[PDB]
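Novice: Sharing a structure here in structure tokens format.
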């Protein structure tokens, strides 16, 4: 039994519209970086969060 | 009543016509209008969408 909480997810659709990956934001410092860039590959360097 | 939030099931006194393809005529599906050529598409959708 679990309760749903309002979070931020980045849905990744394939060639058929099936959700195969979802990255949750507002949890880890690495996940917050991918939330702004809206991508899955983050290069090296310093970035801004909030 | 809401607008553009659920599939058509009420509508009003508007009779449906035929379907013409390969033409840049107007169309209307569940209240949503527009202008474009209705062609073929290899991609498929979902039954609950």
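Residue 1 is the first one shown; counting continues down the chain.
The header says electron microscopy, 4.4 Å.
In case you wondered, yes, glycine gets a Cβ from its N, Cα and C as well.
So Swiss-Prot says this about it:
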DISULFID  A:25-A:35  disulfide bond
CARBOHYD  A:16  N-linked glycosylation site
REGION    A:14-35  region 'Putative superantigen'
Novice: Using a 10 Å cut-off, grab the number of neighbouring Cβ atoms around the Cβ of residue A:25 (disulfide bond), all chains included.
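Specialist: So the Cβ neighbour count for residue A:25 (disulfide bond) comes to 15.
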Novice: Quick one: pull the CA-CA distance for residue A:35 (disulfide bond) versus the residue listed as 'N-linked glycosylation site', whole Å only.
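Specialist: Cα-Cα distance, residue A:35 (disulfide bond) to the residue listed as 'N-linked glycosylation site': 24 Å.
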Novice: Expressed to the nearest Å, what is the distance separating residue A:25 (disulfide bond) and the residue listed as 'N-linked glycosylation site' at their Cα atoms?
Specialist: 25
Novice: Per 10 Å Cβ neighbour count, which of the recorded positions A:16, A:35 ranks highest?
Specialist: A:35
Novice: Using DSSP, would you call residue A:25 (disulfide bond) helix, strand or coil?
Specialist: coil
Novice: What three-state secondary structure does DSSP assign to residue A:35 (disulfide bond)?
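Specialist: Assignment for residue A:35 (disulfide bond) reads helix.
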